[PDB]
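Notes follow once the structure below has been shown.
Here the Cβ positions follow ideal geometry from the backbone for every residue, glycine too, while neighbour counts run over all protein chains shown. Read the figures in this text as sums done on the coordinates, not as results from a lab.
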Amino acid sequence: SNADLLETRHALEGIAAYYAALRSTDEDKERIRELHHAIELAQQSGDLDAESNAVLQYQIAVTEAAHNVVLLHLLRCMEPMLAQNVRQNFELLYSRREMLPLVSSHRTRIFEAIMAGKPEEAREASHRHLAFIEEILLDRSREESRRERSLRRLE
Amino acid sequence: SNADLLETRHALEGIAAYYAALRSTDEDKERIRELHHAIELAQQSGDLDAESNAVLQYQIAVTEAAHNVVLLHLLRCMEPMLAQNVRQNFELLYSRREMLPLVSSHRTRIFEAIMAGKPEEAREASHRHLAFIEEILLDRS
């Protein structure tokens, strides 16, 4: 399920961000800065597949920067489904382009908390980032449900 | 380490218990009851390796009973390290035998919440169960 997977990323990306904040070296923090900025460039060029891959690579670097053997192993284990989930999320976000900045905004609060070495904040930022995506997905479902329900109820 | 792994189970076993409570069939709940009782028998015989395997099998059944494809995939993925973590935890618990009953006690609140079909209680029970183990590990060194 694409639903069950989000709840799992919710859990695992939070802890990833936590340890990344606490254990990232100076080289890690720099390699992450370039990957975070790569997301912005892909978003401004308006290329969905480019931005989707930029996010996947960012999240991998964050996980490696966490230096937690089991977490990295779990990411690699689900990497194909994760890559698919991010791609699907962005297909729905590119439908409502006004949300993209707000999503990147949430993701940037995680990045900034990692660079700053604040674990608690980084984890809470990740929860809110993914929680906010779940909310956008549910609004698509809700409005498309009203769509049919309302246009059918008129007579 | 043994520490990082606990935080990972903390997360994943909570969600496992949640869905197990919500989605377990009658056959699942029964297969889990036999595995839970098997832990008690292994504990009373005082056999560490037997009780360690009983817990591993219990947790697998709980995960399967959750009917959540990604969770099961993640368990299988880390199964070797998980089996090792449980075995190591019990080596430290068998050092302070007075804790064993309290650990089984916490784990039984999860089981009971699953049989009863109460997801939020089952998840909260799992957090307290593993949180309590993390505390015992930190007191060791």
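Quick check: from the Cα gyration tensor, does segment A:38-88 come out rounded (a/c under 1.5), prolate or oblate?
On the way: a/c = 5.11, a/b = 1.77, b/c = 2.89.
Judged from the Cα gyration tensor, segment A:38-88 comes out oblate (a/c at least 1.5, b/c at or above a/b).
Which loop GluC sites (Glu not before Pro) in segment A:76-131, with loop taken from DSSP, have no more than 13 other Cβ atoms within 10 angstrom of their Cβ?
In loop regions of segment A:76-131 (DSSP not H, G, I, E or B), the sparsely surrounded GluC sites (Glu not before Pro) are A:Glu98.
Using only Cα atoms, locate the centre of segment A:92-152 and the centre of segment B:16-91, then give the distance between them in Å, rounded to an integer.
First find each Cα centre; the distance between them is then 34 Å.
Starting from the alpha-carbon convex hull of chain B, give the projected area averaged over all orientations, in nm².
Over every viewing direction, the Cα hull of chain B projects on average to 7.4 nm².
Residue-wise, which Karplus ³J(HN,Hα) couplings in Hz belong to segment A:103-110, taking 6.51 cos²θ - 1.76 cosθ + 1.60, θ = phi - 60°, and x for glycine or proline?
Going residue by residue, I get 6, 4, 4, 4, 5, 5, 5, 6 Hz, with x marking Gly and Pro.
For the protein assembly as shown, take the convex hull of the Cα atoms, compute a quarter of its surface area, and give me that in nm², please.
Numbers: hull surface 72.0 nm².
Mean projected area of the Cα convex hull: 18.0 nm².
Can you sort A:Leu151, A:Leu72, A:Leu6 by how many other beta carbons sit within 10 Å, fewest first?
A:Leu151, A:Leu72, A:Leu6
Using a 10 Å cut-off on Cβ to Cβ distances, tally the other chain neighbours for every residue of B:1-7 and report the average as a whole number. Working shown, then result.
Working: counts 3, 0, 1, 8, 4, 1, 6.
Averaged over the peptide's residues, the number is 3.
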